[PDB]
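Below is one structure, written out as structure tokens; comments come after it.
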Amino acid sequence: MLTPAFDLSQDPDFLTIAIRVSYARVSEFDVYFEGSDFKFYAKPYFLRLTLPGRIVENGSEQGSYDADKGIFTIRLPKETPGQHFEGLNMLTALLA
């Protein structure tokens, strides 16, 4: 298996995520975002990311998945204005 070169980017009014995959052995993917927990579910691929801040939930958001370029990008709203998730692509994951 190979670790996807995913990348995270956040704006003062939203937080977008990017996951690159082509092996997608699932006709559809699953995205779970609550408070500050972003979990992706697609085939053996399991993505668990803990946001530094908090992203609101309202079914609005904004994103799109493309098979042609093999990149899934999904933007999400913030729970507080002016909130910026620092060290996003610098942060680290903890094992439990």
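In the structure tokens, chains take letters A, B, ... by order of appearance, with residues numbered from 1 within each chain and ligands from 1 in the order shown.
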Need to verify the contact set: residue 92 (chain A), 10 Å, only C-alpha atoms, exclusion of same-chain residues closer than 4 positions in sequence. Can you return it as a VMD selection string? chain A and resid 49 to 50 87 to 88
Picked from chain A by DSSP as strand (DSSP E), as a PyMOL selection string: chain A and resi 7-11+14-19+30-34+37-42+45-50+62-66+71-77
Dump as a short mmCIF file (atom, residue, chain, number, x, y, z; two decimals), in the first residue's frame, selection limited to N, CA and C atoms:
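What ended up in selection03.cif:
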```
data_model
loop_
_atom_site.label_atom_id
_atom_site.label_comp_id
_atom_site.auth_asym_id
_atom_site.auth_seq_id
_atom_site.Cartn_x
_atom_site.Cartn_y
_atom_site.Cartn_z
N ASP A 7 -3.51 16.61 1.26
CA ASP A 7 -3.14 17.96 1.68
C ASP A 7 -4.35 18.67 2.28
N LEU A 8 -4.10 19.53 3.26
CA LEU A 8 -5.18 20.26 3.90
C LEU A 8 -4.99 21.77 3.78
N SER A 9 -6.08 22.47 3.51
CA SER A 9 -6.07 23.92 3.38
C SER A 9 -7.33 24.50 3.99
N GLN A 10 -7.17 25.54 4.79
CA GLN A 10 -8.31 26.15 5.45
C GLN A 10 -8.35 27.67 5.28
N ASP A 11 -9.56 28.18 5.09
CA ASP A 11 -9.78 29.61 4.92
C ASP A 11 -10.45 30.17 6.17
N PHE A 14 -13.83 28.71 6.27
CA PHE A 14 -14.03 27.31 5.90
C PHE A 14 -12.74 26.50 6.03
N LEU A 15 -12.88 25.18 5.94
CA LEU A 15 -11.74 24.27 6.02
C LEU A 15 -11.87 23.20 4.94
N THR A 16 -11.02 23.26 3.93
CA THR A 16 -11.07 22.30 2.84
C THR A 16 -10.03 21.20 3.01
N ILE A 17 -10.38 20.00 2.56
CA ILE A 17 -9.48 18.86 2.64
C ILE A 17 -9.29 18.24 1.26
N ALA A 18 -8.15 17.59 1.04
CA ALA A 18 -7.87 16.98 -0.26
C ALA A 18 -7.22 15.61 -0.12
N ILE A 19 -7.86 14.60 -0.69
CA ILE A 19 -7.34 13.23 -0.65
C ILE A 19 -7.21 12.69 -2.07
N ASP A 30 -17.27 7.63 1.98
CA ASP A 30 -17.97 8.08 3.18
C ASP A 30 -17.15 9.13 3.93
N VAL A 31 -17.78 10.26 4.23
CA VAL A 31 -17.10 11.33 4.95
C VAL A 31 -17.85 11.68 6.23
N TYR A 32 -17.13 11.66 7.35
CA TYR A 32 -17.73 11.96 8.64
C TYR A 32 -17.03 13.13 9.33
N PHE A 33 -17.77 14.21 9.55
CA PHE A 33 -17.22 15.39 10.20
C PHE A 33 -18.12 15.82 11.36
N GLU A 34 -17.56 15.82 12.56
CA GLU A 34 -18.31 16.21 13.75
C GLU A 34 -17.45 17.02 14.70
N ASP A 37 -13.73 16.33 14.15
CA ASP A 37 -13.25 15.01 13.77
C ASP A 37 -13.61 14.69 12.32
N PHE A 38 -12.59 14.64 11.47
CA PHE A 38 -12.78 14.33 10.06
C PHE A 38 -12.32 12.92 9.76
N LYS A 39 -13.27 12.05 9.44
CA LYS A 39 -12.95 10.66 9.14
C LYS A 39 -13.44 10.28 7.74
N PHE A 40 -12.54 9.72 6.95
CA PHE A 40 -12.87 9.28 5.60
C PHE A 40 -12.98 7.77 5.57
N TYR A 41 -13.93 7.25 4.79
CA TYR A 41 -14.13 5.82 4.69
C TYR A 41 -14.31 5.39 3.24
N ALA A 42 -13.26 4.82 2.67
CA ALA A 42 -13.29 4.35 1.29
C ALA A 42 -12.37 3.15 1.14
N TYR A 45 -8.70 1.88 2.53
CA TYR A 45 -8.21 3.21 2.90
C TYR A 45 -9.03 3.81 4.04
N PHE A 46 -8.35 4.12 5.13
CA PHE A 46 -9.00 4.73 6.29
C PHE A 46 -8.28 6.02 6.66
N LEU A 47 -9.01 7.14 6.63
CA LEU A 47 -8.41 8.43 6.95
C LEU A 47 -9.03 9.06 8.19
N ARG A 48 -8.23 9.21 9.23
CA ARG A 48 -8.69 9.82 10.47
C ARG A 48 -7.88 11.07 10.77
N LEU A 49 -8.52 12.23 10.65
CA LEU A 49 -7.85 13.50 10.89
C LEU A 49 -8.58 14.32 11.95
N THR A 50 -7.82 14.81 12.93
CA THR A 50 -8.39 15.62 14.00
C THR A 50 -8.09 17.09 13.77
N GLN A 62 -19.33 22.53 0.75
CA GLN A 62 -19.05 22.72 -0.67
C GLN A 62 -17.80 21.96 -1.09
N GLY A 63 -17.96 21.02 -2.02
CA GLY A 63 -16.84 20.24 -2.50
C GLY A 63 -17.20 19.41 -3.72
N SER A 64 -16.24 18.65 -4.22
CA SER A 64 -16.48 17.81 -5.39
C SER A 64 -15.39 16.76 -5.55
N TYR A 65 -15.77 15.61 -6.10
CA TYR A 65 -14.83 14.51 -6.32
C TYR A 65 -14.64 14.27 -7.81
N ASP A 66 -13.38 14.14 -8.23
CA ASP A 66 -13.07 13.92 -9.64
C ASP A 66 -12.22 12.67 -9.84
N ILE A 71 -8.76 13.13 -7.47
CA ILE A 71 -8.62 14.02 -6.33
C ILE A 71 -9.98 14.38 -5.73
N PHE A 72 -10.12 14.17 -4.43
CA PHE A 72 -11.35 14.48 -3.73
C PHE A 72 -11.16 15.68 -2.80
N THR A 73 -11.85 16.78 -3.10
CA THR A 73 -11.74 17.99 -2.30
C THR A 73 -13.10 18.41 -1.74
N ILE A 74 -13.16 18.59 -0.43
CA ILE A 74 -14.41 18.98 0.23
C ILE A 74 -14.19 20.12 1.22
N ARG A 75 -14.89 21.23 1.00
CA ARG A 75 -14.80 22.40 1.87
C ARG A 75 -15.88 22.34 2.95
N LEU A 76 -15.54 22.83 4.14
CA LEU A 76 -16.48 22.81 5.25
C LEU A 76 -16.50 24.15 6.00
N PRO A 77 -17.68 24.56 6.46
CA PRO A 77 -17.85 25.82 7.20
C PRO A 77 -17.29 25.76 8.62
#
```
Between CA of residue 51 (chain A) and CA of residue 94 (chain A), what is the spacing in Å?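 Atom-to-atom, CA of residue 94 (chain A) to CA of residue 51 (chain A), that is 12.5 Å.
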Using only C-alpha atoms, which of A:35, A:54, A:3, A:26 sits nearest residue 82 (chain A)? A:54
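Rounded to one decimal, CA of residue 53 (chain A) and CA of residue 20 (chain A) lie 23.3 Å from each other.
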Record the distance separating CA of residue 69 (chain A) and CA of residue 22 (chain A), expressed in Å with one decimal.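 Straight-line distance from CA of residue 69 (chain A) to CA of residue 22 (chain A) works out to 8.9 Å.
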Residues within 9 Å of residue 80 (chain A), only C-alpha atoms, excluding chain neighbours under 6 positions, as a PyMOL selection string: chain A and resi 13+54-56
All residues 8 Å or closer to residue 52 (chain A), only C-alpha atoms, same chain fewer than 5 positions away omitted, as a PyMOL selection string: chain A and resi 36+85-86+88
Export N, CA and C atoms of the chosen residues as a JSON list (two decimals), in the first residue's frame?
```
[["chain", "number", "residue", "atom", "x", "y", "z"],
["A", 36, "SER", "N", -14.88, 18.44, 15.35],
["A", 36, "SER", "CA", -13.52, 18.64, 14.86],
["A", 36, "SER", "C", -12.89, 17.30, 14.48],
["A", 85, "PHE", "N", -7.44, 27.11, 11.25],
["A", 85, "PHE", "CA", -6.77, 25.89, 11.69],
["A", 85, "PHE", "C", -5.29, 25.95, 11.34],
["A", 86, "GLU", "N", -4.48, 26.42, 12.29],
["A", 86, "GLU", "CA", -3.04, 26.54, 12.08],
["A", 86, "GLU", "C", -2.37, 25.17, 11.99],
["A", 88, "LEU", "N", -2.04, 23.01, 10.05],
["A", 88, "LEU", "CA", -2.87, 21.93, 9.52],
["A", 88, "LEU", "C", -2.00, 20.83, 8.92]]
```
